[PDB]
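Okay, so here's just one chain, in structure tokens, the form deposited in one PDB entry.
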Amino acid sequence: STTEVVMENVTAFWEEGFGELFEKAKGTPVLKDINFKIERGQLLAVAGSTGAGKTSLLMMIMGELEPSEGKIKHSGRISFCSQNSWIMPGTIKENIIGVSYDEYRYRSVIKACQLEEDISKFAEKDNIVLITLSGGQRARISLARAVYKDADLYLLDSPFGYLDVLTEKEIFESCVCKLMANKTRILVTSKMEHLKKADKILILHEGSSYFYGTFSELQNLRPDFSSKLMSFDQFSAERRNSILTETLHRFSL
């Protein structure tokens, strides 16, 4: 199954004392007046400047950060892919599946994340003990682990680190848009292509919603903003994020 996710007028503080004070009241919040609704099986793309609250938003959904105002609604299990890849000492297989094995699911995830060719290189195949991996292999294994988990909501925080432009595109398509096409998911990204293929987009800046709605509505309701951001996707993660950050500081509020 999958869930809908709804946030209505949500405000949150990481400093729990302040969150209580604000709540009771009938520094500055990490997230302010956040609103979105994603339907079952839909993709929300979340972009924004550095420190804007993109990971914090995900942490709220996981219950690590509580709102001081507003309503969050969602049900079921959550799977989370962090923006920092991590590999535990053990086999490639163990890293992806943990303890529970489903052959058909495991095979579809390795294919979707392009891990077949990485696995096949080794004598032991996926029983190879984690051999040091490249950043890109680490990113793909971390993604595979998150997508393999049977969950009702998938939270993918910038999962495409150290990938080539073309293979990030291939994996966005095969994994996020095809394998997970019927799962509710939220993707943090800085690629315009990802925003374009999303059902909904949320742009965050200093904890506020700079824009929520559709890519074509962004093109329409934010023409001056779009005109800077739209060969952007060939730029490095760092450069895209610096351009997005600087543009947001210019046009915010």
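Only residues modelled in both forms are compared. Rigid core here is just the name for the largest C-alpha set that superposes within 1.5 Å across the two forms. One rule holds for the numbers: they count along the sequence shown, beginning at 1.
Below, we turn to the form deposited in another entry, even though it does not appear here.
After superposing the rigid core, the C-alpha of residue 10 moves by less than 2 Å between this form and the one not shown. Annotation for the pair residue 70/residue 21: C-alpha atoms recede from each other in that other deposited form, by 3 Å or more compared with this form.
Whereas the shown form places them at one spacing, the Cα atoms of residue 144 and residue 238 lie at least 3 Å closer in that other deposited form. Once the core is fitted, the segments that move between this form and the one not shown, counting only runs of three or more residues with each CA displaced by at least 2 angstroms, are 16 to 26, 98 to 100, 236 to 239, 250 to 253.
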